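Structure, as structure tokens:
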Amino acid sequence: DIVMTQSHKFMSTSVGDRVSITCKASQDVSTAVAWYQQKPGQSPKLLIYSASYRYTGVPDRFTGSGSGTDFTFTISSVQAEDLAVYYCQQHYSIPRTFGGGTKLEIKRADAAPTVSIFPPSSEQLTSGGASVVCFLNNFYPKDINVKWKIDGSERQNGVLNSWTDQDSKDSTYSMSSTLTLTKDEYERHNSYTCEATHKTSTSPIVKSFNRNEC
Amino acid sequence: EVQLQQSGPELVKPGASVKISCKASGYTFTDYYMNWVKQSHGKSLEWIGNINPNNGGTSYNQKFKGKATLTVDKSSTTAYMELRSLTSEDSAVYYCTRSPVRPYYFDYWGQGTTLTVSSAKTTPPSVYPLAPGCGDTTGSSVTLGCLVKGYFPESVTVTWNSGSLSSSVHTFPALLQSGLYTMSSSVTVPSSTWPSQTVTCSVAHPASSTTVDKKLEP
Amino acid sequence: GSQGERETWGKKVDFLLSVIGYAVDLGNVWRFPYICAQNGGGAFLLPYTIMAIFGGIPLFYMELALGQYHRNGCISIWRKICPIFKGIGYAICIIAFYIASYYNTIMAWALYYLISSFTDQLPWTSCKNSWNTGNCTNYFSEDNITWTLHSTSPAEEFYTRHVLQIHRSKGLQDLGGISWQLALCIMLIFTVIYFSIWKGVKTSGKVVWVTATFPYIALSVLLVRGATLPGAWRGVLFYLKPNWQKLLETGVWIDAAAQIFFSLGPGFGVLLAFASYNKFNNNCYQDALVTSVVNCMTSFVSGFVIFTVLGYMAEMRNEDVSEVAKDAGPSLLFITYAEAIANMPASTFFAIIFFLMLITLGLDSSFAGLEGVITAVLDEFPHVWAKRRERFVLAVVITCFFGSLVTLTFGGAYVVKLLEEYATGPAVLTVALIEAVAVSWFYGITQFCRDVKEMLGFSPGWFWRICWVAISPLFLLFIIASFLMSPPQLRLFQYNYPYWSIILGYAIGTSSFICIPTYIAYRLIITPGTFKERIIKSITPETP
Ligand SMILES: CC(C)CCC[C@@H](C)[C@H]1CC[C@H]2[C@@H]3CC=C4C[C@@H](O)CC[C@]4(C)[C@H]3CC[C@]12C
Ligand SMILES: COCCCC/C(=N\OCCN)c1ccc(C(F)(F)F)cc1
Ligand SMILES: *[C@@H]1O[C@H](CO)[C@@H](O)[C@H](O)[C@H]1NC(C)=O
Ligand SMILES: *[C@@H]1O[C@H](CO)[C@@H](O)[C@H](O)[C@H]1NC(C)=O
Ligand SMILES: [Cl-]
Ligand code: NA
Ligand code: NA
């Protein structure tokens with residue numbers, strides 16, 4: 001069989017930069033390499049075939065080069081909608097194998113994480129639970145600290161951080177920190193507070209609310 | 001034009017079998033090879049095998065020989081892939097993709113089929129609204145949201161007002177714990193449409209076939 | 001008085017090239033490279049020699065010794081060894097007739113391909129012809145093309161729909177009628193073989209000078225041509241890449257054994273007849289050794305001749321020579337290799353020498369093929385025959401023409417496959433086993449070594465005695481058992497043979513050797529007295 005090796009699992013680039021992904025094969029391939037694009041949440045999309053040739057319905061900004069074992073897929077003008085995972089695949093010998101995949105992350109300026117705290121709704125208090133939610137929207141880069149405060153004490157149990165994938169419009173990450181608690185404990189505390197520490201500013205953003213019917 | 005419609009998500013117990021369909025349209029079906037590519041969660045693409053639609057001329061991969069069985073029906077132009085002896089490794093997203101004979105590229109793909117091989121009971125999602133408090137300062141935009149707790153498997157869809165408008169909806173990936181998933185969604189809408197009009201979040205669960213709709217109330 | 005002694009050959013080199021010319025044929029050119037590439041690559045060289053040293057060479061040498069010592073035909077030699085086995089001499093005869101029903105038609109194709117190569121523009125380059133369909137897509141045409149399941153190439157279109165015309169038949173059921181073109185071609189072939197046999201071994205010994213030396217020249221030209229072609233290393237790599245994991249499979253050993261048996265060709269009566277006409281004090285050991293070793297070397301260089309061109313073809317397309325060399329048949333030469341030649345400078349030249357090479361590859365083997373049968377029949381019915389040789393030779397050539405009419409049909413290729421794999425093969429292996437058993441275990445291997453000790457002046461080594469006694473009969477037994485245990489499922493040109501095809505193959509196969517058991521029963525049923533006295537006078541050679 002054939003082993004298509006992509007050394008760089010992740011590559012950083014900016015909107016408008018020249019980005020190139022390399023693909024290493026086991027044996028000599030001549031010009032039998034295809035480049036596929038898989039957007040997060042979508043099916044793969046064919047972009048390049050036979051080393052350099054472009055497929056119908058592909059913008060001119062996507063190019064291809066290489067002749068032998070090492071091949072290169074080049075994007076000249078990176079757009080916001082070009083954010084996807086790229087795969088290379090040989091099409092000469094049976095079986096047809098694929099590469100590891102290179103998630104192309106976009107580098108931009110820093111962004112302030114909009115923090116929003118939310119009190120447990122009445123439908124959940126009806127079921128017999130109560131979860132305070134702390135959303136962190138539109139920030140960059142991915143690295144960001146989330147600290148919880150039930151009533152001033154740093155809460156650490158029952159906190160779940162969920163990071164979404166990068167955005168395809170403005171390239172800003174978003175995460176959700178969830179504090180899941182019981183109803184009995186929720187009706188014994190009033191003002192919840194979640195704070196977030198980012199690199200845009202040294203002072204963590206602090207959000208608070210009261211249980212006494214807001 | 002060229003459309004490949006596969007089957008929906010499948011939740012099957014380990015050791016059983018599952019069949020995935022593939023309805024083709026927009027091209028001469030007897031002209032192109034029909035393929036099946038397996039994509040694991042967080043992994044790469046994995047060519048399973050092809051099949052010749054004229055006679056069912058199958059050509060499997062050595063890694064999937066005896067694992068997948070490809071069939072085809074010319075009367076309705078529909079391909080099938082069946083998987084037997086299901087384990088945890090088979091829980092992945094499967095595609096059926098069109099391909100010529102030479103050069104052997106995959107020009108058109110299907111939307112995929114999320115397969116979950118587990119014995120866990122299909123749990124209906126608990127939809128709890130995530131409404132902003134009544135003491136917050138209503139600025140130029142308010143951030144709303146809905147919460148989904150306890151469901152299995154990863155087959156859920158959280159929509160907002162029949163898809164209008166959704167220019168600021170953030171959907172957070174589900175997190176699995178104690179055999180149940182839990183996710184959340186939010187939406188930043190201006191203060192000139194709330195709470196004047198009706199903003200209702202819809203939570204659908206195709207695995208359990210349960211659609212619970214909850215309207216946000218401050 | 002009258003005839004008395006028989007004639008003898010003109011020169012040592014004539015018989016050395018006649019046997020080499022019979023040994024070297026199409027299969028050396030294309031069967032050995034394909035089976036060598038797909039069964040371990042270069043590692044196939046190891047069992048091919050082992051199956052030669054232990055199986056092929058002993059039968060080849062033992063057959064050439066019996067022939068050069070006893071100087072009898074394929075039939076009359078059994079009367080002087082084991083009369084009950086005289087049916088062997090007849091069986092081979094029938095076998096030959098089946099082979100001759102198709103092996104010549106094949107040459108006809110090459111001939112029809114050769115006489116059509118005198119045009120400045122080769123027919124299988126363009127698609128604007130009277131036989132191409134709308135699927136015909138050729139080169140020197142817009143780039144970016146992408147091949148479709150129904151699309152075909154002008155070469156594939158030219159072989160399938162023009163010369164072979166296999167689309168006019170629905171299979172073995174409906175194949176008629178006969179194509180008059182290939183009938184005239186195969187008539188021309190039966191004429192160029194007629195004037196090379198009718199005079200006896202003199203003309204087949206004069207014509208062999210050309211038929212045995214031309215293929216090496218043509219192979220040399222194609223070799224130095226294909227070696228200069230860019231990307232020819234891929235075919236050589238796929239040809240020689242060692243895959244030692246294939247040797248663990250019990251199949252490649254059987255493939256090597258069968259390949260070296262049919263390539264060496266003992267047991268057919270050809271070596272018996274060719275050896276019959278020779279000097280009594282002439283050496284036989286060196287002759288057999290050299291001839292076989294050339295037959296293998298020739299296969300070895302032919303492998304390069306094919307795989308350099310197929311490597312170039314894989315480079316022009318997109319690699320994996322297995323993809324371009326999937327079909328293992330005449331299509332590898334008439335379609336793949338031909339389409340590759342068409343895309344080269346002086347295409348007319350390399351086409352003429354290629355098809356001409358094929359014809360000269362076939363001719364020497366059909367010469368010998370007939371020589372053995374003619375010698376056998378003339379020696380079994382002497383002075384009832386030999387009244388003229390031209391009469392019998394003509395009756396054979398004409399009989400083969402009428403016997404090839406089934407192959408000259410539109411669905412002729414189907415009959416070719418059926419006869420080549422289900423009929424002749426297992427029967428030649430069988431009669432070779434019967435002959436090897438009769439000579440080794442009935443006539444006595446000790447007396448055989450004494451006869452060689454009389455002719456050549458020295459007794460054969462222990463290596464050869466131990467080979468004839470045990471190694472060779474097990475060598476044939478392995479191939480026969482392997483085939484009978486699992487006959488291969490036949491498929492040709494997107495047409496799977498019906499399930500009853502093997503019955504027809506076995507029917508044709510069984511009708512060939514009804515004579516050895518019915519003749520054993522015949523002679524066993526004719527001689528009076530007790531069965532012990534009849535089998536004692538039937539196993540021991542005639543006393544005077
Ligand atoms: C040469 C002689 C002795 C061989 C005869 C053997 C007979 C029994 C064999 C030879 C050819 C065979 C036939 C080949 C063709 C067909 C047509 C098919 O639609 C039904 C099977 C059938 C009818 C086969 C039946 C068996 C068969 C008739
Ligand atoms: C069953 O087909 C294999 C034939 C083997 C003997 C042979 N040619 O092989 C040459 C050895 N490399 C052969 C046999 C018969 C004839 C005949 F002239 F009789 F048709 C021609 C060639
Ligand atoms: C090659 O073929 C396709 C037809 O399927 C065509 O649409 C395309 O434009 C051609 N050219 C390239 C550069 O892909
Ligand atoms: C091409 O071939 C297919 C089958 O191989 C056939 O159905 C079709 O009619 C052919 N096209 C033309 C134009 O004849
Ligand atoms: Cl050989
Ligand atoms: Na040979
Ligand atoms: Na020959």
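Scheme for the structure tokens: letters A, B, ... for chains in order shown; per-chain residue numbers from 1; ligand numbers from 1 in order shown.
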
Expected answer as a ChimeraX atom specification: helix (DSSP H, G or I) residues in segment 65-269 of chain C: /C:65-70,76-79,83-114,154-163,166-168,180-192,201-204,208-228,233-240,251-264

Test item: chain B residues at most 12 Å from chain C, counting only C-alpha atoms, as an MDAnalysis selection string: chainID B and resid 28:34 51:55 57 98:105 107

Pick from C:504, C:91, C:321, C:428 nearest to chain A, counting only C-alpha atoms: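 Closest to chain A, using only C-alpha atoms: C:321.
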
Could you pull out all residues of segment 39-80 of chain A with a DSSP call of strand (DSSP E) and give them as a PDB file with C-alpha atoms, in the first residue's frame?
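The resulting file, states_36.pdb, is shown below:
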ATOM      1  CA  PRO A  44     -15.323  16.513   1.520  1.00  0.00           C
ATOM      2  CA  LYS A  45     -15.099  18.637  -1.630  1.00  0.00           C
ATOM      3  CA  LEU A  46     -12.743  17.907  -4.527  1.00  0.00           C
ATOM      4  CA  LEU A  47     -10.425  20.810  -5.379  1.00  0.00           C
ATOM      5  CA  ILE A  48      -7.353  19.552  -7.286  1.00  0.00           C
ATOM      6  CA  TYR A  49      -6.766  16.483  -9.457  1.00  0.00           C
ATOM      7  CA  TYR A  53      -5.178  20.524 -12.643  1.00  0.00           C
ATOM      8  CA  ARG A  54      -8.141  22.317 -11.052  1.00  0.00           C
ATOM      9  CA  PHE A  62      -6.638  27.476  -5.345  1.00  0.00           C
ATOM     10  CA  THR A  63      -3.555  26.063  -7.093  1.00  0.00           C
ATOM     11  CA  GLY A  64      -1.551  22.835  -7.157  1.00  0.00           C
ATOM     12  CA  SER A  65       2.048  21.861  -7.924  1.00  0.00           C
ATOM     13  CA  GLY A  66       4.483  18.962  -7.626  1.00  0.00           C
ATOM     14  CA  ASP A  70       6.189  15.533  -2.702  1.00  0.00           C
ATOM     15  CA  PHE A  71       3.242  17.711  -3.729  1.00  0.00           C
ATOM     16  CA  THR A  72       2.046  21.165  -2.691  1.00  0.00           C
ATOM     17  CA  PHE A  73      -1.434  22.718  -2.513  1.00  0.00           C
ATOM     18  CA  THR A  74      -1.199  26.517  -2.548  1.00  0.00           C
ATOM     19  CA  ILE A  75      -3.751  29.223  -1.715  1.00  0.00           C
TER      20      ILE A  75
END

Residue 30 of chain A: which residues within 9 Å, counting only C-alpha atoms, same-chain residues fewer than 3 positions away excluded, as a CSV table (one decimal) with N, CA and C atoms, in the first residue's frame?
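Saved file part.csv follows:
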chain,number,residue,atom,x,y,z
A,33,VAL,N,-2.1,12.8,-7.9
A,33,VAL,CA,-2.5,13.3,-6.5
A,33,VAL,C,-3.7,14.2,-6.6
A,50,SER,N,-4.8,15.3,-10.3
A,50,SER,CA,-3.6,15.1,-11.1
A,50,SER,C,-2.6,16.3,-10.9
A,51,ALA,N,-2.1,16.3,-9.6
A,51,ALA,CA,-1.1,17.3,-9.2
A,51,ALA,C,-1.5,18.7,-9.3
A,66,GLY,N,3.7,20.1,-8.0
A,66,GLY,CA,4.5,19.0,-7.6
A,66,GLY,C,4.5,17.9,-8.7
A,67,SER,N,5.6,17.1,-8.7
A,67,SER,CA,5.8,16.1,-9.7
A,67,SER,C,6.7,15.0,-9.2
A,68,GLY,N,6.2,13.9,-8.6
A,68,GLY,CA,7.0,12.8,-8.1
A,68,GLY,C,6.4,12.2,-6.8
A,69,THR,N,6.9,12.6,-5.7
A,69,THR,CA,6.4,12.1,-4.4
A,69,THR,C,5.9,13.2,-3.5
C,315,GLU,N,3.6,5.1,-17.3
C,315,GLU,CA,4.1,6.5,-17.1
C,315,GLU,C,3.2,7.5,-17.8
C,318,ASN,N,-1.3,6.7,-15.5
C,318,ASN,CA,-0.9,7.0,-14.1
C,318,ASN,C,-0.6,5.7,-13.3
C,319,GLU,N,0.5,5.1,-13.6
C,319,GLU,CA,1.2,4.1,-12.7
C,319,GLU,C,0.5,2.9,-12.3

Check every protein, DNA and RNA residue against ligand 7, keep those with an atom at most 8 Å away (counting only C-alpha atoms and all ligand atoms), and present them as an mmCIF file with N, CA and C atoms, in the first residue's frame.
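Saved file out_31.cif follows:
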data_model
loop_
_atom_site.group_PDB
_atom_site.id
_atom_site.type_symbol
_atom_site.label_atom_id
_atom_site.label_comp_id
_atom_site.auth_asym_id
_atom_site.auth_seq_id
_atom_site.Cartn_x
_atom_site.Cartn_y
_atom_site.Cartn_z
ATOM 1 N N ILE C 20 14.873 -25.356 -30.196
ATOM 2 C CA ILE C 20 14.750 -24.068 -29.511
ATOM 3 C C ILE C 20 13.554 -23.295 -30.058
ATOM 4 N N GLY C 21 13.390 -23.294 -31.382
ATOM 5 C CA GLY C 21 12.250 -22.635 -31.999
ATOM 6 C C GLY C 21 10.909 -23.200 -31.561
ATOM 7 N N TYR C 22 10.815 -24.523 -31.417
ATOM 8 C CA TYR C 22 9.601 -25.097 -30.843
ATOM 9 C C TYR C 22 9.423 -24.683 -29.389
ATOM 10 N N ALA C 23 10.502 -24.684 -28.602
ATOM 11 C CA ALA C 23 10.374 -24.321 -27.193
ATOM 12 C C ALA C 23 9.980 -22.857 -27.018
ATOM 13 N N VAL C 24 10.475 -21.974 -27.879
ATOM 14 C CA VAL C 24 10.206 -20.546 -27.757
ATOM 15 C C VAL C 24 8.978 -20.181 -28.583
ATOM 16 N N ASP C 25 8.016 -19.514 -27.957
ATOM 17 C CA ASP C 25 6.772 -19.166 -28.634
ATOM 18 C C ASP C 25 6.230 -17.879 -28.014
ATOM 19 N N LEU C 26 4.927 -17.648 -28.203
ATOM 20 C CA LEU C 26 4.252 -16.478 -27.645
ATOM 21 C C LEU C 26 4.327 -16.471 -26.122
ATOM 22 N N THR C 211 12.721 -18.821 -38.434
ATOM 23 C CA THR C 211 11.686 -18.778 -37.400
ATOM 24 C C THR C 211 12.277 -18.728 -35.996
ATOM 25 N N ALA C 212 13.495 -19.234 -35.808
ATOM 26 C CA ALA C 212 14.069 -19.285 -34.471
ATOM 27 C C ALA C 212 15.010 -18.122 -34.189
ATOM 28 N N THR C 360 6.524 -15.425 -36.420
ATOM 29 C CA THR C 360 7.710 -16.280 -36.367
ATOM 30 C C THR C 360 7.850 -17.001 -35.033
ATOM 31 N N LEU C 361 7.207 -16.490 -33.988
ATOM 32 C CA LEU C 361 7.157 -17.152 -32.691
ATOM 33 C C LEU C 361 6.289 -18.399 -32.754
ATOM 34 N N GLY C 362 5.189 -18.312 -33.488
ATOM 35 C CA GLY C 362 4.216 -19.370 -33.664
ATOM 36 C C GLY C 362 4.657 -20.426 -34.660
ATOM 37 N N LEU C 363 5.335 -19.985 -35.721
ATOM 38 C CA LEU C 363 5.608 -20.868 -36.849
ATOM 39 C C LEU C 363 6.474 -22.052 -36.434
ATOM 40 N N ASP C 364 7.541 -21.816 -35.667
ATOM 41 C CA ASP C 364 8.469 -22.913 -35.397
ATOM 42 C C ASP C 364 7.752 -24.001 -34.605
ATOM 43 N N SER C 365 6.913 -23.573 -33.657
ATOM 44 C CA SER C 365 6.131 -24.473 -32.824
ATOM 45 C C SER C 365 5.051 -25.193 -33.622
ATOM 46 N N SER C 366 4.427 -24.543 -34.606
ATOM 47 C CA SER C 366 3.485 -25.323 -35.409
ATOM 48 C C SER C 366 4.201 -26.293 -36.351
#

Using only C-alpha atoms and all ligand atoms, which residues have at least one atom no more than 6 Å from ligand 1? Output them as a PDB file with N, CA and C atoms, in the first residue's frame.
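Dumped everything to pocket.pdb:
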ATOM      1  N   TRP C 500     -21.629 -24.654 -17.304  1.00  0.00           N
ATOM      2  CA  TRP C 500     -21.456 -25.938 -17.969  1.00  0.00           C
ATOM      3  C   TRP C 500     -20.244 -25.944 -18.889  1.00  0.00           C
ATOM      4  N   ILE C 503     -17.846 -28.715 -18.401  1.00  0.00           N
ATOM      5  CA  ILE C 503     -18.277 -30.021 -18.872  1.00  0.00           C
ATOM      6  C   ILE C 503     -17.889 -30.158 -20.328  1.00  0.00           C
ATOM      7  N   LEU C 504     -18.031 -29.066 -21.082  1.00  0.00           N
ATOM      8  CA  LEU C 504     -17.644 -29.115 -22.480  1.00  0.00           C
ATOM      9  C   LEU C 504     -16.142 -29.275 -22.548  1.00  0.00           C
ATOM     10  N   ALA C 507     -15.486 -32.640 -21.702  1.00  0.00           N
ATOM     11  CA  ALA C 507     -15.939 -33.531 -22.754  1.00  0.00           C
ATOM     12  C   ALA C 507     -14.894 -33.588 -23.847  1.00  0.00           C
ATOM     13  N   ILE C 508     -14.381 -32.419 -24.234  1.00  0.00           N
ATOM     14  CA  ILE C 508     -13.353 -32.412 -25.262  1.00  0.00           C
ATOM     15  C   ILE C 508     -12.112 -33.075 -24.710  1.00  0.00           C
TER      16      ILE C 508
END

Residues of chain A that approach chain C to 9 Å or less, counting only C-alpha atoms: could you list each one with the shortest pair of atoms and its distance in Å to one decimal, rows by chain and increasing residue number, as JSON lines?
{"residue": "A:28", "atom": "CA", "partner": "C:319", "partner_atom": "CA", "distance": 8.9}
{"residue": "A:29", "atom": "CA", "partner": "C:319", "partner_atom": "CA", "distance": 7.1}
{"residue": "A:30", "atom": "CA", "partner": "C:318", "partner_atom": "CA", "distance": 7.0}
{"residue": "A:31", "atom": "CA", "partner": "C:318", "partner_atom": "CA", "distance": 7.1}
{"residue": "A:32", "atom": "CA", "partner": "C:318", "partner_atom": "CA", "distance": 6.2}
{"residue": "A:53", "atom": "CA", "partner": "C:144", "partner_atom": "CA", "distance": 8.2}
{"residue": "A:91", "atom": "CA", "partner": "C:318", "partner_atom": "CA", "distance": 8.1}
{"residue": "A:92", "atom": "CA", "partner": "C:319", "partner_atom": "CA", "distance": 5.6}
{"residue": "A:93", "atom": "CA", "partner": "C:320", "partner_atom": "CA", "distance": 5.0}
{"residue": "A:94", "atom": "CA", "partner": "C:320", "partner_atom": "CA", "distance": 7.9}

Exercise answer, chain A residues close to chain B, 8 Å and only C-alpha atoms, as a PyMOL selection string: chain A and resi 32+34+42-46+49-50+91-92+95-101+116+118-121+123-124+162-164+174-176+209+213-214

Restrict the calculation to only C-alpha atoms and all ligand atoms, then for each residue of chain C with any atom at most 12 Å from an atom of ligand 5 give the closest atom pair and their distance in Å to one decimal, rows by chain and rising residue number, as a Markdown table.
| residue | atom | partner | partner_atom_place_in_ligand_line | distance |
| --- | --- | --- | --- | --- |
| C:23 | CA | ligand 5 | 1 (Cl) | 9.0 |
| C:24 | CA | ligand 5 | 1 (Cl) | 8.3 |
| C:25 | CA | ligand 5 | 1 (Cl) | 9.6 |
| C:26 | CA | ligand 5 | 1 (Cl) | 10.2 |
| C:27 | CA | ligand 5 | 1 (Cl) | 7.5 |
| C:28 | CA | ligand 5 | 1 (Cl) | 5.1 |
| C:29 | CA | ligand 5 | 1 (Cl) | 8.3 |
| C:30 | CA | ligand 5 | 1 (Cl) | 9.5 |
| C:31 | CA | ligand 5 | 1 (Cl) | 8.0 |
| C:32 | CA | ligand 5 | 1 (Cl) | 5.3 |
| C:33 | CA | ligand 5 | 1 (Cl) | 8.5 |
| C:34 | CA | ligand 5 | 1 (Cl) | 10.9 |
| C:35 | CA | ligand 5 | 1 (Cl) | 9.8 |
| C:36 | CA | ligand 5 | 1 (Cl) | 9.3 |
| C:44 | CA | ligand 5 | 1 (Cl) | 11.1 |
| C:45 | CA | ligand 5 | 1 (Cl) | 9.9 |
| C:47 | CA | ligand 5 | 1 (Cl) | 11.7 |
| C:48 | CA | ligand 5 | 1 (Cl) | 8.0 |
| C:49 | CA | ligand 5 | 1 (Cl) | 9.5 |
| C:51 | CA | ligand 5 | 1 (Cl) | 11.0 |
| C:52 | CA | ligand 5 | 1 (Cl) | 9.5 |
| C:56 | CA | ligand 5 | 1 (Cl) | 10.7 |
| C:255 | CA | ligand 5 | 1 (Cl) | 11.2 |
| C:256 | CA | ligand 5 | 1 (Cl) | 8.9 |
| C:257 | CA | ligand 5 | 1 (Cl) | 10.4 |
| C:258 | CA | ligand 5 | 1 (Cl) | 10.1 |
| C:259 | CA | ligand 5 | 1 (Cl) | 6.5 |
| C:260 | CA | ligand 5 | 1 (Cl) | 5.9 |
| C:261 | CA | ligand 5 | 1 (Cl) | 9.0 |
| C:262 | CA | ligand 5 | 1 (Cl) | 8.6 |
| C:263 | CA | ligand 5 | 1 (Cl) | 5.5 |
| C:264 | CA | ligand 5 | 1 (Cl) | 7.8 |
| C:265 | CA | ligand 5 | 1 (Cl) | 10.7 |
| C:292 | CA | ligand 5 | 1 (Cl) | 9.2 |
| C:293 | CA | ligand 5 | 1 (Cl) | 9.5 |
| C:294 | CA | ligand 5 | 1 (Cl) | 9.5 |
| C:295 | CA | ligand 5 | 1 (Cl) | 6.3 |
| C:296 | CA | ligand 5 | 1 (Cl) | 4.7 |
| C:297 | CA | ligand 5 | 1 (Cl) | 7.7 |
| C:298 | CA | ligand 5 | 1 (Cl) | 7.5 |
| C:299 | CA | ligand 5 | 1 (Cl) | 4.8 |
| C:300 | CA | ligand 5 | 1 (Cl) | 7.2 |
| C:301 | CA | ligand 5 | 1 (Cl) | 10.2 |
| C:302 | CA | ligand 5 | 1 (Cl) | 9.4 |
| C:303 | CA | ligand 5 | 1 (Cl) | 9.6 |

For residue 149 of chain A: contacts at 6 Å, only C-alpha atoms, fewer than 3 positions along chain excluded, given as an mmCIF file with N, CA, C and O atoms, in the first residue's frame:
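File selection.cif, as written:
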data_model
loop_
_atom_site.group_PDB
_atom_site.id
_atom_site.type_symbol
_atom_site.label_atom_id
_atom_site.label_comp_id
_atom_site.auth_asym_id
_atom_site.auth_seq_id
_atom_site.Cartn_x
_atom_site.Cartn_y
_atom_site.Cartn_z
ATOM 1 N N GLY A 152 -18.337 34.112 45.567
ATOM 2 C CA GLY A 152 -16.997 34.577 45.851
ATOM 3 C C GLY A 152 -15.932 33.503 45.935
ATOM 4 O O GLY A 152 -14.748 33.813 45.757
ATOM 5 N N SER A 153 -16.310 32.255 46.197
ATOM 6 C CA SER A 153 -15.364 31.150 46.272
ATOM 7 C C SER A 153 -15.126 30.539 44.898
ATOM 8 O O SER A 153 -16.069 30.319 44.133
ATOM 9 N N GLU A 154 -13.857 30.276 44.583
ATOM 10 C CA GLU A 154 -13.519 29.705 43.285
ATOM 11 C C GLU A 154 -14.104 28.303 43.214
ATOM 12 O O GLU A 154 -13.612 27.377 43.864
ATOM 13 N N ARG A 155 -15.158 28.151 42.419
ATOM 14 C CA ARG A 155 -15.804 26.866 42.202
ATOM 15 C C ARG A 155 -15.078 26.122 41.095
ATOM 16 O O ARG A 155 -14.772 26.698 40.046
ATOM 17 N N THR A 193 -21.486 34.490 39.998
ATOM 18 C CA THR A 193 -20.502 35.337 39.327
ATOM 19 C C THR A 193 -19.472 34.483 38.607
ATOM 20 O O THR A 193 -18.774 33.697 39.248
ATOM 21 N N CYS A 194 -19.342 34.658 37.296
ATOM 22 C CA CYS A 194 -18.282 34.024 36.522
ATOM 23 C C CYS A 194 -17.374 35.084 35.906
ATOM 24 O O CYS A 194 -17.853 36.115 35.419
#

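Counting only C-alpha atoms, residue 206 of chain B has the following residues at most 9 Å away, ignoring those fewer than 3 positions along the same chain: residues 8, 9, 155, 156, 157, 209, 210 and 211 of chain B.
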
Non-local contacts of residue 156 of chain C (10 Å; only C-alpha atoms; under 5 positions in same chain excluded) as a ChimeraX atom specification: /C:124,132,136,161-162,331,334-336,338-339

Export of the given selection (N, CA, C and O atoms) as a CSV table (one decimal), in the first residue's frame:
chain,number,residue,atom,x,y,z
C,124,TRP,N,-5.8,1.7,-35.6
C,124,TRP,CA,-6.2,1.8,-34.2
C,124,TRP,C,-5.7,3.1,-33.6
C,124,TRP,O,-5.5,3.1,-32.3
C,132,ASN,N,-15.9,2.0,-35.1
C,132,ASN,CA,-15.9,2.6,-33.8
C,132,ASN,C,-17.3,3.0,-33.4
C,132,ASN,O,-18.1,3.4,-34.3
C,136,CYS,N,-15.9,5.5,-28.5
C,136,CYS,CA,-14.5,5.6,-28.9
C,136,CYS,C,-13.9,6.9,-28.5
C,136,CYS,O,-14.3,7.9,-29.0
C,161,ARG,N,-14.1,-5.2,-32.0
C,161,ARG,CA,-15.2,-5.1,-32.9
C,161,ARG,C,-14.8,-5.3,-34.4
C,161,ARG,O,-15.7,-5.4,-35.2
C,162,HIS,N,-13.5,-5.3,-34.7
C,162,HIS,CA,-13.1,-5.4,-36.1
C,162,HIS,C,-12.5,-6.8,-36.5
C,162,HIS,O,-13.1,-7.6,-37.2
C,331,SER,N,-4.9,-9.8,-25.3
C,331,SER,CA,-5.1,-8.3,-25.1
C,331,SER,C,-3.9,-7.6,-24.6
C,331,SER,O,-3.8,-6.4,-24.8
C,334,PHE,N,-2.2,-7.5,-28.1
C,334,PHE,CA,-3.0,-6.9,-29.2
C,334,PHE,C,-3.7,-5.6,-28.8
C,334,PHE,O,-4.0,-4.8,-29.7
C,335,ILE,N,-3.8,-5.3,-27.5
C,335,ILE,CA,-4.5,-4.1,-27.1
C,335,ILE,C,-3.5,-3.2,-26.4
C,335,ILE,O,-3.1,-2.1,-26.9
C,336,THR,N,-3.1,-3.6,-25.2
C,336,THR,CA,-2.2,-2.8,-24.4
C,336,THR,C,-0.9,-2.5,-25.1
C,336,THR,O,-0.6,-1.4,-25.4
C,338,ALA,N,0.0,-3.1,-28.2
C,338,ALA,CA,-0.2,-2.5,-29.5
C,338,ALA,C,-0.6,-1.0,-29.3
C,338,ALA,O,0.0,-0.2,-30.1
C,339,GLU,N,-1.4,-0.6,-28.4
C,339,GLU,CA,-1.7,0.8,-28.2
C,339,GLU,C,-0.5,1.5,-27.8
C,339,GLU,O,-0.3,2.7,-28.1

Which residue of C:92, C:459, C:215, C:494 approaches ligand 4 most closely, using only C-alpha atoms and all ligand atoms: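 Closest to ligand 4, using only C-alpha atoms and all ligand atoms: C:494.
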
Ligand 4 neighbours within 6 Å using only C-alpha atoms and all ligand atoms, as a list in words: residues 133, 134, 135 and 150 of chain C
